[PDB]
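A single chain, nothing else alongside it, follows as structure tokens in the form deposited in one PDB entry.
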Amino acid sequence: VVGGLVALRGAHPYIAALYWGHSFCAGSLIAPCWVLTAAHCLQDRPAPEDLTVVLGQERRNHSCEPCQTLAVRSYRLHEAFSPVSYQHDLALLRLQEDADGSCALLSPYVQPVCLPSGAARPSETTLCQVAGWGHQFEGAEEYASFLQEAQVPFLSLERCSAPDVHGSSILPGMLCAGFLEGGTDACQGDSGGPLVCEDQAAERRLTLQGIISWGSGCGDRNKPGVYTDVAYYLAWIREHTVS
């Protein structure tokens, strides 16, 4: 992410790291046995067996005391995902339980994030945190080592769709966040990242409202990041999360 700072160790219990082959993505623990990510991460359809999920991580690919590694038993890409439009850009990872019937072993560093209310109307005023291990500036050489997070305001669809922003590229199921001025944004290597936004009606006041999907260039002017709108997909998530 660009324009952010290193996140506190206890700051991101929900975030999950996903490793396979030469690839990496992030995601969010939304229940003890379930991770929500971006479908475009798994576009190439790797085998669950090759997927490794690590919860409770702070440094990308760094072993740590709170860290927990897990296999993936299966995963589902949204049936209407398009690798061209990136509409419907979400996927569910079913974690493999151990012999005790547990998947994620919760602790202060490993906890699920609350799902979005959905019914409540979205507002420009709402503020959100975006997080990830991707590029800290455009043209960056490597991925970050420590998790970065940055604060970004939500952006209404009517203003993100407007022709000076992203125009016709913004479809149902997407959402935008960030400064039209630029400067603060998710970037390449931040795919599958959780956008967590203030929710005044929620008991925790904080819910998962976006999945890092796409944009145009790390933090450029007049170009907010585009996220999957998690509230749009509650029914799909409930339905394929009984599973």
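Start at 1 with the first residue shown and count on from there. We call the rigid core the largest set of C-alpha positions that still match within 1.5 Å between the two forms.
Although not depicted, the form deposited in another entry is the subject of the following passage.
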Does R204 move its CA by 2 angstroms or more between this form and the one not shown when the core is aligned?
yes
Check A201 against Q151 at the C-alpha atoms and report closer or farther in the other entry, compared with the shown form; the change is 3 Å or more.
closer
A change of 3 Å or more separates this form from the other: in the other entry, the C-alpha atoms of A202 and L175 are farther
